[PDB]
$ cat upload-v2.txt   # compact mmCIF, C-alpha atoms and all ligand atoms
# COMPACT_ATOMS: atom_id res chain seq x y z
CA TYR A 10 12.74 -21.39 3.48
CA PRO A 11 15.78 -19.14 4.11
CA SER A 12 15.22 -15.77 5.77
CA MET A 13 16.04 -12.20 4.76
CA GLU A 14 14.26 -10.40 7.57
CA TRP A 15 15.74 -7.26 9.09
CA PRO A 16 16.70 -7.18 12.77
CA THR A 17 13.65 -5.72 14.47
CA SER A 18 15.34 -3.71 17.23
CA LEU A 19 18.44 -1.58 17.79
CA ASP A 20 20.63 -0.86 20.82
CA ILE A 21 22.29 2.57 20.80
CA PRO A 22 25.33 2.69 23.13
CA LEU A 23 25.11 5.67 25.48
CA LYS A 24 28.13 7.98 25.45
CA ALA A 25 28.97 8.66 29.10
CA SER A 26 28.06 5.33 30.72
CA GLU A 27 27.97 1.85 29.19
CA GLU A 28 24.23 1.07 29.18
CA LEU A 29 22.44 0.75 25.83
CA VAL A 30 19.18 2.43 24.83
CA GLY A 31 16.99 -0.02 22.95
CA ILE A 32 14.72 0.99 20.09
CA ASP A 33 11.97 -1.17 18.61
CA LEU A 34 12.34 -0.36 14.91
CA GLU A 35 8.71 -1.30 14.23
CA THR A 36 6.96 0.90 16.83
CA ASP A 37 9.54 3.21 18.49
CA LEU A 38 10.35 5.47 15.53
CA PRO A 39 8.95 8.98 16.03
CA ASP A 40 7.04 10.80 13.32
CA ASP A 41 9.75 13.50 13.38
CA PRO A 42 13.15 11.81 12.91
CA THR A 43 14.88 14.91 14.32
CA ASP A 44 14.27 13.42 17.77
CA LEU A 45 16.71 10.59 16.96
CA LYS A 46 19.17 12.97 15.31
CA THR A 47 19.39 14.68 18.71
CA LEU A 48 20.07 11.31 20.35
CA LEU A 49 22.36 10.08 17.60
CA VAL A 50 24.47 13.25 17.61
CA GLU A 51 24.44 13.64 21.39
CA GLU A 52 25.56 10.08 22.13
CA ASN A 53 28.10 10.25 19.27
CA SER A 54 26.34 7.24 17.70
CA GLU A 55 28.06 5.30 14.94
CA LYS A 56 27.08 5.94 11.33
CA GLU A 57 25.75 2.45 10.66
CA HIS A 58 23.09 3.17 13.29
CA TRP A 59 21.87 6.23 11.36
CA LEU A 60 21.56 3.96 8.34
CA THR A 61 19.86 1.09 10.19
CA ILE A 62 17.26 3.52 11.55
CA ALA A 63 16.67 5.24 8.18
CA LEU A 64 16.23 1.84 6.54
CA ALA A 65 13.62 0.98 9.18
CA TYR A 66 11.64 4.09 8.24
CA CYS A 67 11.86 3.29 4.53
CA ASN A 68 10.87 -0.36 4.86
CA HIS A 69 7.93 0.58 7.08
CA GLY A 70 6.38 3.08 4.64
CA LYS A 71 8.40 6.11 5.81
CA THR A 72 10.88 6.98 3.03
CA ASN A 73 10.66 10.75 3.44
CA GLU A 74 11.69 10.23 7.06
CA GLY A 75 14.46 7.86 6.02
CA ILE A 76 15.72 10.51 3.61
CA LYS A 77 15.38 13.33 6.19
CA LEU A 78 17.50 11.36 8.68
CA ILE A 79 20.40 10.54 6.34
CA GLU A 80 20.32 14.06 4.94
CA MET A 81 20.87 15.15 8.55
CA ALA A 82 23.65 12.60 8.86
CA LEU A 83 25.33 14.52 6.03
CA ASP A 84 25.85 17.47 8.41
CA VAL A 85 27.62 15.18 10.91
CA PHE A 86 29.91 12.82 9.00
CA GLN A 87 32.86 14.10 7.02
CA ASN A 88 34.75 13.38 3.80
CA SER A 89 34.81 9.65 2.94
CA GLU A 90 32.45 8.74 5.76
CA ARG A 91 29.73 10.42 3.67
CA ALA A 92 29.97 7.89 0.82
CA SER A 93 27.60 5.30 2.25
CA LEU A 94 25.17 8.08 3.22
CA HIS A 95 25.06 9.14 -0.44
CA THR A 96 24.55 5.49 -1.47
CA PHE A 97 21.50 5.24 0.77
CA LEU A 98 20.21 8.51 -0.67
CA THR A 99 20.71 7.10 -4.19
CA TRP A 100 18.55 4.05 -3.47
CA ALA A 101 15.98 6.05 -1.52
CA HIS A 102 15.53 8.32 -4.53
CA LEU A 103 15.46 5.35 -6.88
CA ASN A 104 12.65 3.92 -4.70
CA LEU A 105 10.74 7.22 -4.79
CA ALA A 106 11.25 7.38 -8.53
CA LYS A 107 9.44 4.02 -8.92
CA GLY A 108 6.27 5.71 -7.57
CA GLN A 109 3.29 4.10 -9.27
CA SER A 110 1.85 7.31 -10.70
CA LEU A 111 4.66 9.78 -11.24
CA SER A 112 4.59 12.03 -14.27
CA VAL A 113 7.68 11.53 -16.45
CA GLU A 114 9.17 14.77 -15.08
CA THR A 115 8.72 13.93 -11.38
CA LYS A 116 10.27 10.54 -12.16
CA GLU A 117 13.24 12.18 -13.87
CA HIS A 118 13.47 14.74 -11.07
CA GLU A 119 13.79 11.97 -8.46
CA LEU A 120 16.21 10.08 -10.74
CA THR A 121 18.35 13.23 -11.02
CA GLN A 122 18.51 13.40 -7.21
CA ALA A 123 19.65 9.77 -7.20
CA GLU A 124 22.26 10.50 -9.86
CA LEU A 125 23.62 13.46 -7.88
CA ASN A 126 24.09 11.33 -4.77
CA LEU A 127 25.48 8.51 -6.89
CA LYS A 128 28.17 10.89 -8.20
CA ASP A 129 29.20 11.76 -4.66
CA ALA A 130 29.24 8.10 -3.64
CA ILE A 131 31.33 6.90 -6.61
CA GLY A 132 33.78 9.76 -6.00
CA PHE A 133 34.71 8.18 -2.66
CA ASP A 134 34.12 4.48 -3.37
CA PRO A 135 33.76 3.48 -7.03
CA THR A 136 34.02 -0.28 -6.36
CA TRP A 137 31.22 -0.53 -3.81
CA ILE A 138 28.61 -2.92 -5.23
CA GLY A 139 25.79 -0.68 -3.99
CA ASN A 140 27.06 2.09 -6.29
CA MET A 141 27.73 -0.15 -9.29
CA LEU A 142 24.23 -1.64 -9.15
CA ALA A 143 22.79 1.88 -8.96
CA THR A 144 24.63 2.91 -12.15
CA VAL A 145 22.97 0.05 -14.04
CA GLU A 146 19.60 0.56 -12.38
CA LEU A 147 19.63 4.25 -13.35
CA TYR A 148 20.21 3.38 -17.02
CA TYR A 149 17.40 0.85 -16.83
CA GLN A 150 14.97 3.29 -15.23
CA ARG A 151 15.79 5.87 -17.90
CA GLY A 152 15.10 3.29 -20.61
CA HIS A 153 18.72 3.19 -21.79
CA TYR A 154 18.63 -0.59 -21.93
CA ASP A 155 21.61 -1.03 -24.25
CA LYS A 156 23.92 1.03 -22.08
CA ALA A 157 22.55 -0.77 -19.02
CA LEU A 158 23.33 -4.21 -20.45
CA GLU A 159 26.75 -3.10 -21.64
CA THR A 160 27.60 -1.50 -18.28
CA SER A 161 26.35 -4.65 -16.53
CA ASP A 162 28.52 -6.87 -18.74
CA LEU A 163 31.64 -4.73 -18.12
CA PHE A 164 30.98 -4.86 -14.37
CA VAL A 165 30.84 -8.64 -14.19
CA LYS A 166 34.03 -8.89 -16.26
CA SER A 167 35.67 -6.47 -13.80
CA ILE A 168 34.60 -8.58 -10.82
CA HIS A 169 35.79 -11.72 -12.55
CA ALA A 170 39.15 -10.07 -13.28
CA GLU A 171 39.25 -9.08 -9.63
CA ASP A 172 38.75 -12.68 -8.49
CA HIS A 173 41.79 -13.81 -10.49
CA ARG A 174 43.64 -10.95 -8.79
CA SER A 175 42.67 -12.24 -5.35
CA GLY A 176 42.85 -15.95 -6.20
CA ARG A 177 39.14 -16.50 -5.55
CA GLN A 178 36.26 -18.22 -7.26
CA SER A 179 33.43 -15.95 -8.30
CA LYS A 180 29.95 -16.28 -6.83
CA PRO A 181 26.97 -15.18 -8.98
CA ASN A 182 25.48 -11.92 -7.71
CA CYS A 183 21.68 -12.16 -7.65
CA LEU A 184 21.02 -8.53 -8.52
CA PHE A 185 23.44 -8.50 -11.45
CA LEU A 186 21.61 -11.61 -12.74
CA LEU A 187 18.22 -10.01 -12.08
CA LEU A 188 19.31 -6.93 -13.99
CA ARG A 189 20.61 -9.06 -16.84
CA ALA A 190 17.41 -11.14 -16.95
CA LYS A 191 15.29 -7.96 -17.09
CA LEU A 192 17.45 -6.30 -19.74
CA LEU A 193 17.33 -9.52 -21.79
CA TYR A 194 13.52 -9.49 -21.58
CA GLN A 195 13.54 -5.85 -22.77
CA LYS A 196 15.57 -7.06 -25.77
CA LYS A 197 12.87 -9.76 -26.36
CA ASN A 198 15.41 -12.56 -25.80
CA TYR A 199 12.81 -14.27 -23.63
CA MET A 200 14.64 -17.60 -23.65
CA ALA A 201 17.90 -16.28 -22.27
CA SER A 202 15.87 -14.15 -19.85
CA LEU A 203 13.88 -17.16 -18.62
CA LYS A 204 17.00 -19.20 -17.89
CA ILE A 205 18.44 -16.46 -15.66
CA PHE A 206 15.16 -15.98 -13.77
CA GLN A 207 15.05 -19.72 -13.17
CA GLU A 208 18.68 -19.71 -12.06
CA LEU A 209 17.67 -17.06 -9.48
CA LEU A 210 14.82 -19.21 -8.15
CA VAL A 211 17.22 -21.99 -7.16
CA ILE A 212 19.90 -19.62 -5.77
CA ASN A 213 17.54 -17.61 -3.57
CA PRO A 214 13.86 -18.66 -3.47
CA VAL A 215 13.17 -15.78 -1.06
CA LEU A 216 14.75 -13.17 -3.35
CA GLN A 217 13.17 -9.73 -3.45
CA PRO A 218 11.94 -8.82 -5.95
CA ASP A 219 10.34 -12.19 -6.69
CA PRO A 220 12.09 -13.77 -9.73
CA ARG A 221 8.91 -15.84 -10.29
CA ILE A 222 7.27 -12.68 -11.68
CA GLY A 223 9.95 -12.75 -14.35
CA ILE A 224 9.50 -16.49 -14.84
CA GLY A 225 5.84 -15.87 -15.59
CA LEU A 226 6.49 -12.93 -17.91
CA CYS A 227 8.91 -15.08 -19.92
CA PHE A 228 6.45 -17.95 -20.25
CA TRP A 229 3.75 -15.45 -21.25
CA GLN A 230 5.86 -13.84 -23.96
CA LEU A 231 6.76 -17.38 -25.10
CA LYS A 232 2.99 -18.19 -25.40
CA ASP A 233 2.84 -20.79 -22.55
CA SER A 234 0.18 -18.72 -20.79
CA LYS A 235 -0.72 -21.69 -18.58
CA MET A 236 2.60 -21.63 -16.71
CA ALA A 237 2.94 -17.85 -16.67
CA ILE A 238 -0.18 -18.02 -14.51
CA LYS A 239 1.30 -20.73 -12.32
CA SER A 240 4.48 -18.69 -11.72
CA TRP A 241 2.37 -15.68 -10.75
CA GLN A 242 0.09 -17.64 -8.43
CA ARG A 243 3.19 -19.03 -6.71
CA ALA A 244 4.44 -15.48 -6.28
CA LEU A 245 1.12 -14.26 -4.88
CA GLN A 246 1.03 -17.32 -2.60
CA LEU A 247 4.44 -16.80 -1.01
CA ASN A 248 3.60 -13.11 -0.42
CA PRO A 249 -0.03 -11.94 -0.79
CA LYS A 250 1.13 -8.33 -0.56
CA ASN A 251 2.68 -8.70 -4.02
CA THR A 252 0.40 -6.36 -5.93
CA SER A 253 2.14 -7.08 -9.23
CA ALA A 254 1.47 -10.79 -8.78
CA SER A 255 -2.19 -10.07 -8.02
CA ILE A 256 -2.75 -7.94 -11.13
CA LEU A 257 -0.94 -10.53 -13.24
CA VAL A 258 -2.93 -13.46 -11.86
CA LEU A 259 -6.23 -11.72 -12.56
CA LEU A 260 -5.24 -10.21 -15.92
CA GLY A 261 -3.99 -13.67 -16.91
CA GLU A 262 -7.02 -15.62 -15.69
CA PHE A 263 -9.18 -13.03 -17.53
CA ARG A 264 -8.44 -14.60 -20.91
CA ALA A 283 -20.34 -11.18 -16.92
CA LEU A 284 -16.59 -11.81 -16.91
CA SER A 285 -15.67 -8.10 -17.07
CA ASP A 286 -17.63 -7.73 -13.84
CA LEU A 287 -16.09 -10.63 -11.90
CA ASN A 288 -12.65 -8.98 -11.97
CA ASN A 289 -13.45 -5.28 -11.55
CA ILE A 290 -14.66 -6.43 -8.13
CA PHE A 291 -11.52 -8.53 -7.67
CA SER A 292 -9.48 -5.60 -9.01
CA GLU A 293 -10.82 -3.34 -6.26
CA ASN A 294 -9.49 -5.56 -3.45
CA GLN A 295 -5.80 -4.85 -4.10
CA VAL A 299 -5.40 -0.99 -14.88
CA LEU A 300 -8.98 -0.32 -13.77
CA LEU A 301 -9.24 2.64 -16.17
CA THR A 302 -8.50 0.87 -19.47
CA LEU A 303 -10.46 -2.08 -18.12
CA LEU A 304 -13.41 0.36 -18.04
CA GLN A 305 -12.55 1.76 -21.47
CA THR A 306 -13.09 -1.82 -22.66
CA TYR A 307 -16.72 -1.59 -21.55
CA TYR A 308 -17.11 0.86 -24.52
CA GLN A 1041 -18.70 -11.51 -34.85
CA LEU A 1042 -16.22 -11.40 -31.97
CA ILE A 1043 -13.84 -8.77 -33.15
CA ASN A 1044 -14.61 -7.69 -29.57
CA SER A 1045 -13.06 -10.77 -27.97
CA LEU A 1046 -9.78 -9.97 -29.74
CA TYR A 1047 -10.09 -6.39 -28.46
CA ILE A 1048 -10.36 -7.31 -24.78
CA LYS A 1049 -7.67 -9.93 -25.51
CA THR A 1050 -5.27 -7.38 -27.05
CA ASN A 1051 -5.90 -4.83 -24.32
CA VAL A 1052 -5.25 -7.28 -21.49
CA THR A 1053 -2.00 -8.22 -23.23
CA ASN A 1054 -0.96 -4.59 -23.69
CA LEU A 1055 -1.42 -3.69 -20.05
CA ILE A 1056 0.16 -6.94 -18.81
CA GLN A 1057 3.19 -5.45 -20.63
CA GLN A 1058 2.71 -1.83 -19.55
CA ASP A 1059 5.01 -1.86 -16.51
CA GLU A 1060 8.56 -1.38 -17.79
CA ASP A 1061 9.75 -2.42 -14.33
CA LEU A 1062 8.30 -5.89 -15.00
CA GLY A 1063 6.73 -6.16 -11.55
CA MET A 1064 10.21 -6.64 -10.07
CA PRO A 1065 11.56 -3.42 -8.53
CA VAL A 1066 15.25 -3.67 -7.64
CA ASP A 1067 15.44 -2.34 -4.07
CA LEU A 1068 18.66 -2.63 -2.08
CA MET A 1069 16.68 -1.94 1.10
CA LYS A 1070 15.50 -5.55 1.12
CA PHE A 1071 18.99 -6.89 1.91
CA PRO A 1072 19.88 -6.84 5.63
CA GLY A 1073 23.44 -5.66 6.19
CA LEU A 1074 23.91 -4.20 2.70
CA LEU A 1075 23.12 -0.49 2.94
CA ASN A 1076 23.78 -0.19 6.66
CA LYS A 1077 26.99 -2.24 7.21
CA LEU A 1078 28.62 -2.66 3.76
CA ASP A 1079 27.95 -6.40 3.99
CA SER A 1080 26.84 -7.70 0.59
CA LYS A 1081 26.68 -11.37 1.63
CA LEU A 1082 22.91 -11.73 1.06
CA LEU A 1083 23.34 -10.80 -2.62
CA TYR A 1084 24.77 -14.29 -3.13
CA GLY A 1085 21.76 -16.10 -1.69
CA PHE A 1086 21.83 -19.50 -0.05
CA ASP A 1087 23.62 -22.77 -0.70
CA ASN A 1088 21.04 -25.46 0.19
CA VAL A 1089 17.90 -25.49 -1.94
CA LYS A 1090 14.84 -27.08 -0.35
CA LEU A 1091 13.18 -26.16 -3.62
CA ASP A 1092 9.48 -26.79 -2.91
CA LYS A 1093 7.24 -28.75 -5.22
CA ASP A 1094 5.46 -25.66 -6.53
CA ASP A 1095 8.79 -23.93 -7.23
CA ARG A 1096 10.59 -26.82 -8.92
CA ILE A 1097 7.74 -26.96 -11.43
CA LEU A 1098 8.71 -23.45 -12.52
CA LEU A 1099 12.20 -24.69 -13.50
CA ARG A 1100 10.72 -26.46 -16.53
CA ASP A 1101 11.08 -25.38 -20.18
CA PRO A 1102 8.29 -24.13 -22.45
NI NI A 1201 14.25 14.24 -3.32
NI NI A 1202 12.59 15.46 -4.89
NI NI A 1203 38.52 -16.47 -15.68
$ encode --input "upload-v2.txt" --output "structure tokens" --more "lines below"
Ligand code: NI
Ligand code: NI
Ligand code: NI
Amino acid sequence: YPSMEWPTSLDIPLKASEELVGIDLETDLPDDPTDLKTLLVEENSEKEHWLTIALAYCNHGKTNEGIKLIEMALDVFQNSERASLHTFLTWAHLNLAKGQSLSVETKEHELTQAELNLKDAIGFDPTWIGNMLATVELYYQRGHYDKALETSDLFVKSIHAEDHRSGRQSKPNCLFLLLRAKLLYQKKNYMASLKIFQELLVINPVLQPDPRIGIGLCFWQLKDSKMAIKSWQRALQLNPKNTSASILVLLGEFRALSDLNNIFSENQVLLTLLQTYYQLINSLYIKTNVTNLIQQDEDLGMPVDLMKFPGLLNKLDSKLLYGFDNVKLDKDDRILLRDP
């Protein structure tokens, strides 16, 4: 398959001489990012290096450190050079805000921090795709689905208008499509949603988040529970760290029994599963409950995270948002292109 893996090391050009200090992004980052700040400031390092480093923290479980670094960068870079620092801070706070167990206030507190940085970013660079996507993602995360879909639809018209103005053909943007597919599913238009998720599978079969999660949720809401489960097992196969896939595969296959999956649910919901330990009125109760909690995550198991796109938040290169042009679409993926 195609590859969206981040460069795994960084060379910082030293200021006085012309040697380069190499950093292994996966083991060389210190617990206190101030150490690099010293280096980065001292050697007059370029801004994109601050970003690349902060993204390494975030993508290796260290978002607080990622945030601490770019917040320090804000004391170094001036005026318009601060825009892309604010964009990073927007997406870092959107990632925080997706925290699995935040109370509605902590969520909104993090989303406010994102919005504040977003305002500073758009003030300098309103047409940057990183800032436009964040505007839509903020509406989504706040549940304002109608405004999100309407803002999305204005944005793609704008970009289309812009391609006439530069004599270019438009290329579908995977995250605008992903946002549309998710908004459509919120509006219960599961058929239009499913088509977009399937479009995404052929454009970028290594897209994060996995559009197969959405493929399965569309099948499920369209009552083809057999294929929903196949989409989800394909997701969990290509990436066994996908917790959302895991919980969906087991909640789906779980339609004695209520022991076999509490033990499989401890490997990687477990509350209400234990509430359901409390004429088969009962079988419809466990059935309803499994359905309710398969639908409990308003994020649909597909968190939109710009930190999964090499070059995007650290170099203003949005190329990877358009995916790949040859589709070796594997046997177990091409199945998922089918109708219900
Ligand atoms: Ni914060
Ligand atoms: Ni905070
Ligand atoms: Ni046109």
$ residues_near_ligand --input "upload-v2.txt" --ligand "ligand NI 1202 (chain A)" --cutoff "10 Å" --atoms "all atoms listed in the file" --output "JSON list (two decimals) with C-alpha atoms, keeping the file's coordinate frame"
[["chain", "number", "residue", "atom", "x", "y", "z"],
["A", 73, "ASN", "CA", 10.66, 10.75, 3.44],
["A", 102, "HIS", "CA", 15.53, 8.32, -4.53],
["A", 105, "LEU", "CA", 10.74, 7.22, -4.79],
["A", 106, "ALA", "CA", 11.25, 7.38, -8.53],
["A", 115, "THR", "CA", 8.72, 13.93, -11.38],
["A", 116, "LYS", "CA", 10.27, 10.54, -12.16],
["A", 117, "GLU", "CA", 13.24, 12.18, -13.87],
["A", 118, "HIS", "CA", 13.47, 14.74, -11.07],
["A", 119, "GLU", "CA", 13.79, 11.97, -8.46],
["A", 120, "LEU", "CA", 16.21, 10.08, -10.74],
["A", 121, "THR", "CA", 18.35, 13.23, -11.02],
["A", 122, "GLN", "CA", 18.51, 13.40, -7.21],
["A", 123, "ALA", "CA", 19.65, 9.77, -7.20]]
$ closest_atom_pairs --input "upload-v2.txt" --of "region 284-1082 of chain A" --to "region 78-94 of chain A" --cutoff "12 Å" --atoms "only C-alpha atoms" --output "JSON lines"
{"residue": "A:1074", "atom": "CA", "partner": "A:93", "partner_atom": "CA", "distance": 10.2}
{"residue": "A:1075", "atom": "CA", "partner": "A:93", "partner_atom": "CA", "distance": 7.4}
{"residue": "A:1076", "atom": "CA", "partner": "A:93", "partner_atom": "CA", "distance": 8.0}
{"residue": "A:1077", "atom": "CA", "partner": "A:93", "partner_atom": "CA", "distance": 9.0}
{"residue": "A:1078", "atom": "CA", "partner": "A:93", "partner_atom": "CA", "distance": 8.2}
{"residue": "A:1079", "atom": "CA", "partner": "A:93", "partner_atom": "CA", "distance": 11.8}
$ residues_around --input "upload-v2.txt" --residues "residue 233 (chain A)" --least-positions-apart "3" --cutoff "12 Å" --atoms "all atoms listed in the file" --output "VMD selection string"
chain A and resid 199 224 to 230 236 to 240 261 1098 1100 to 1102
$ closest_residue --input "upload-v2.txt" --among "A:193, A:65, A:210, A:147" --to "residue 162 (chain A)" --atoms "all atoms listed in the file"
A:193
$ atom_distance --input "upload-v2.txt" --atom1 "CA of residue 45 (chain A)" --atom2 "CA of residue 15 (chain A)"
19.5 Å
$ closest_residue --input "upload-v2.txt" --among "A:219, A:171, A:262, A:1092" --to "ligand NI 1203 (chain A)" --atoms "all atoms listed in the file"
A:171
$ atom_distance --input "upload-v2.txt" --atom1 "CA of residue 305 (chain A)" --atom2 "CA of residue 197 (chain A)"
28.3 Å
